[PDB]
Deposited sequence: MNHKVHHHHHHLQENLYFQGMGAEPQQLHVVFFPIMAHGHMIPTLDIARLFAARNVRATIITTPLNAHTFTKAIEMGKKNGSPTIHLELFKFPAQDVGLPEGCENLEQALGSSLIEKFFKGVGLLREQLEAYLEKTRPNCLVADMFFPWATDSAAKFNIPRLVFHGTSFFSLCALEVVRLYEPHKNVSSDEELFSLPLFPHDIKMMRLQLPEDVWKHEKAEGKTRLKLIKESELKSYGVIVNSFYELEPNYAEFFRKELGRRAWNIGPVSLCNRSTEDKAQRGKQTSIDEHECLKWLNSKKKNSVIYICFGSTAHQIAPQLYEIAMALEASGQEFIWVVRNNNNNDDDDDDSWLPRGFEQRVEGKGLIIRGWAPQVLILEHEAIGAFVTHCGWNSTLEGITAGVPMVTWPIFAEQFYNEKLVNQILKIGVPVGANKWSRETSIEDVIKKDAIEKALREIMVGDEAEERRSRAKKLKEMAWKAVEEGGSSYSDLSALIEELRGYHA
């Protein structure tokens, strides 16, 4: 019999691409994979499918749902979490995605697949799959570490037993001592309690225990203690099947070919954040002052006066799309500046590149602790304020940036970080090849889905 798994990601680029990669890993084991998307997001999937769909390359099916943008008052064409800018739109966007339930229940009634893999943001997907005795898996797109850290913070609230914004508290139970401050947690949890965000997080975490289990885009060997903590202490059924990006395995490259090994800083934040002019200026002055050679990807009043001229040949600025994977895997790259989103952290680990960690929002401050204090392949830029809005007060200055750029390239422990990063790269590829922890966990998941009655 052929097994059928439906994939239901939230319309955000950082959930969608890893969800596609999971679909491909299932397809490559002779499982029918269907992804549910919306019409204004379909182009993203259909590009990657035709790109990936060469010789071999088993078939990935698409099902399109109508997103009720107008029904909840979203400006028409807002079908993506990236377009929900401001306090106002994010709350309408979630009421938006919650009204996809009717369509999901209809599609599952009709197709009766063997399993639903639904985004963390659809906690109600468990109840929906259950109506047809279909097992539902949760996919978050983050580290075991973050999944554990959020859950012990939610349950033990260690931040209610401090008095000031900067007072450090330990994460309880953890097999490593991890200190955070309130500034690093979202302002709803600690300052002015908003029921909406707090309920939303409650139902997401409760869904990890309510559902059949969790798919995790990590490998056992990367964070063995949190892969265990998540399953034992916090009692989740889980599989680690990542890094899922390794499934299907330029002008700046020619530039890089001319340079010494481990000599270039790559800076790329992604389309996650909006980079404001004053922040870009301070980054520009830091790069010049540091002396380090650099490739800087930006998504002209914000460049210092002589900048383009004075860095000609020690520095490259790219506007828009860079071939990120190829640039990170190049021998010339010695470091990677990032916001510590899990997709970006994984591409650093996989390329074996140490990281300057610039956490902004979501789970990024926990990812920064994994990278800097446990894996020890990174250096903090000094950003410590959780925020989905970008205020002038939170702009990180030249001196802080410059200190991190120097430390990640020519600091005492720079070479050590580089070696630790090279080990994790070798472990990552080994996990996903036959006999690997992540290959095996995927085999065990599929077997268990076959046997489910």
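Comparing the deposited sequence with the modelled residues, which stretches have no C-alpha coordinates? Holes in the chain trace, numbered from 1: 1 to 25, 275 to 290, 341 to 350, 505.
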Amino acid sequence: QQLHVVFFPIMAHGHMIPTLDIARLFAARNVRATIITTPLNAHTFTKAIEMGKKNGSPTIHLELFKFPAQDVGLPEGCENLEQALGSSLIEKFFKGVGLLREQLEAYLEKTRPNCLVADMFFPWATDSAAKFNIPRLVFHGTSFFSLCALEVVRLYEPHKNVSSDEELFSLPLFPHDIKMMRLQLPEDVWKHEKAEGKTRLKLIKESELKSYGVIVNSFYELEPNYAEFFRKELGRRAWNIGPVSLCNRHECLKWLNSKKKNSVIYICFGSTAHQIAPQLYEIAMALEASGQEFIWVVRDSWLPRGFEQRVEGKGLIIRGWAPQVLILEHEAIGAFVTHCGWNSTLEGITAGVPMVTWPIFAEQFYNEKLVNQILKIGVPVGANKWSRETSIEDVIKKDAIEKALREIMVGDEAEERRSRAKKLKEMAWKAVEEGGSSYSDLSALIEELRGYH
From here on, numbers count along this sequence of modelled residues.
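Pick between 90 to 98 and 379 to 387: the one whose mean CA B-factor in the entry is higher. Looking at the record's C-alpha B-factors, the answer is 90 to 98.
Mean CA temperature factor from the deposited coordinates, higher in 233 to 241 or in 185 to 193? Comparing 185 to 193 with 233 to 241, the higher mean C-alpha B-factor belongs to 185 to 193.
Highest recorded Cα temperature factor - choice among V356, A273, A286, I178: The C-alpha B-factor peaks, among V356, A273, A286, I178, at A273.
Taking the Cα B-factors listed in the entry, which of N217, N161, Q364, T338 comes out highest? Checking the PDB record, the top C-alpha B-factor among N217, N161, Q364, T338 is at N161.
Looking at the temperature factor on the CA atom of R417, which third of the chain's modelled residues does it land in? According to the entry, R417 has a C-alpha B-factor in the chain's lowest third.
Comparing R29 with the other modelled residues of its chain, is its CA B-factor in the lowest, middle or highest third? Tercile = middle for this residue's CA B-factor.
Looking at the C-alpha B-factor of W296, is it in the lowest, middle or highest third of its chain? Its C-alpha B-factor belongs to the middle third of this chain's values.
Ranking every modelled residue in this chain by its Cα temperature factor as given in the entry, which third contains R200? Middle third by C-alpha B-factor.
What third of the chain does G141 rank in for C-alpha temperature factor, lowest, middle or highest? As the PDB entry reports it, the C-alpha B-factor of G141 lands in the lowest third of its chain.
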